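Report on the structure given below.
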Amino acid sequence: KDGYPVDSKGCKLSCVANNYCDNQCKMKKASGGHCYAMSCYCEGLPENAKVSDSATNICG
């Protein structure tokens with residue numbers, strides 16, 4: 001799955017840059033990530049870590 005992980009951060013993270021997401025994604029959350037519309041779109045999660053891809057339905 002791919003999208004924005006939300007749980008511990010609560011409401012998203014306002015990534016400024018792709019690297020700023022990716023470094024945070026790949027370390028734990030996902031296999032990678034990039035910064036989409038100022039939200040860390042993390043890429044390749046385990047299924048337990050639900051994500052959104054629904055254009056900031058979470059209160060980012």
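Numbering starts fresh at 1 for the residues of each chain in the structure tokens, the chains themselves are lettered A, B, ... in the order given, and ligands are numbered from 1 as they appear.
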
- Would you list, as a PyMOL selection string, the residues of chain A that end up in strand (DSSP E or B) under DSSP run on this structure's backbone? chain A and resi 2-5+32-36+39-43+51-52

- Message: Excluding residue 19 (chain A) and its own-chain neighbours fewer than 5 positions away, which residues fall within 12 Å of it when counting only C-alpha atoms? Please give them as a PyMOL selection string.
- Response: chain A and resi 24-26+32-36+40-42

Pick out the residues sitting within 12 Å of residue 47 (chain A), and hand them over as a JSON list (two decimals) with C-alpha atoms, in the first residue's frame; count only C-alpha atoms, and ignore anything fewer than 5 positions along from it in its own chain.
```json
[["chain", "number", "residue", "atom", "x", "y", "z"],
["A", 1, "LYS", "CA", 0.00, 0.00, 0.00],
["A", 2, "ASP", "CA", 1.03, 3.60, -0.53],
["A", 3, "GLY", "CA", -0.20, 6.89, 0.90],
["A", 5, "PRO", "CA", 0.71, 7.19, 7.30],
["A", 29, "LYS", "CA", 7.06, 3.35, 7.97],
["A", 30, "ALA", "CA", 7.61, 2.20, 4.43]]
```

- Rank nothing, just name the residue among A:45, A:22, A:17, A:38 nearest to residue 60 (chain A), using only C-alpha atoms. A:38

- Check the DSSP output for the backbone and give back, as number ranges by chain, the residues of chain A in alpha helix (DSSP H). A: 18-24

Prev. selection, N, CA, C and O atoms, output as a PDB file, in the first residue's frame:
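Now in result25.pdb:
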```pdb
ATOM      1  N   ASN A  18      10.898  16.136  -1.006  1.00  0.00           N
ATOM      2  CA  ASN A  18      10.754  14.703  -1.204  1.00  0.00           C
ATOM      3  C   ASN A  18      11.696  13.964  -0.251  1.00  0.00           C
ATOM      4  O   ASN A  18      11.328  12.937   0.317  1.00  0.00           O
ATOM      5  N   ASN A  19      12.892  14.515  -0.108  1.00  0.00           N
ATOM      6  CA  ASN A  19      13.886  13.925   0.772  1.00  0.00           C
ATOM      7  C   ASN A  19      13.382  13.983   2.216  1.00  0.00           C
ATOM      8  O   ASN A  19      13.649  13.080   3.007  1.00  0.00           O
ATOM      9  N   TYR A  20      12.665  15.056   2.515  1.00  0.00           N
ATOM     10  CA  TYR A  20      12.203  15.293   3.873  1.00  0.00           C
ATOM     11  C   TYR A  20      11.139  14.270   4.276  1.00  0.00           C
ATOM     12  O   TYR A  20      11.003  13.942   5.453  1.00  0.00           O
ATOM     13  N   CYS A  21      10.411  13.796   3.275  1.00  0.00           N
ATOM     14  CA  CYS A  21       9.481  12.698   3.482  1.00  0.00           C
ATOM     15  C   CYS A  21      10.281  11.395   3.535  1.00  0.00           C
ATOM     16  O   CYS A  21      10.173  10.634   4.495  1.00  0.00           O
ATOM     17  N   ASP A  22      11.066  11.177   2.490  1.00  0.00           N
ATOM     18  CA  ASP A  22      11.549   9.841   2.182  1.00  0.00           C
ATOM     19  C   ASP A  22      12.381   9.322   3.356  1.00  0.00           C
ATOM     20  O   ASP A  22      12.258   8.161   3.743  1.00  0.00           O
ATOM     21  N   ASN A  23      13.210  10.206   3.890  1.00  0.00           N
ATOM     22  CA  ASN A  23      14.120   9.831   4.958  1.00  0.00           C
ATOM     23  C   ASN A  23      13.310   9.367   6.172  1.00  0.00           C
ATOM     24  O   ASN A  23      13.766   8.522   6.941  1.00  0.00           O
ATOM     25  N   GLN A  24      12.123   9.941   6.305  1.00  0.00           N
ATOM     26  CA  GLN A  24      11.281   9.659   7.455  1.00  0.00           C
ATOM     27  C   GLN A  24      10.410   8.430   7.186  1.00  0.00           C
ATOM     28  O   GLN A  24      10.041   7.711   8.114  1.00  0.00           O
TER      29      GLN A  24
END
```

- Mind giving me the straight-line distance from CA of residue 16 (chain A) to CA of residue 50 (chain A) in Å, one decimal?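 Value for the CA of residue 16 (chain A)-CA of residue 50 (chain A) distance: 22.5 Å.
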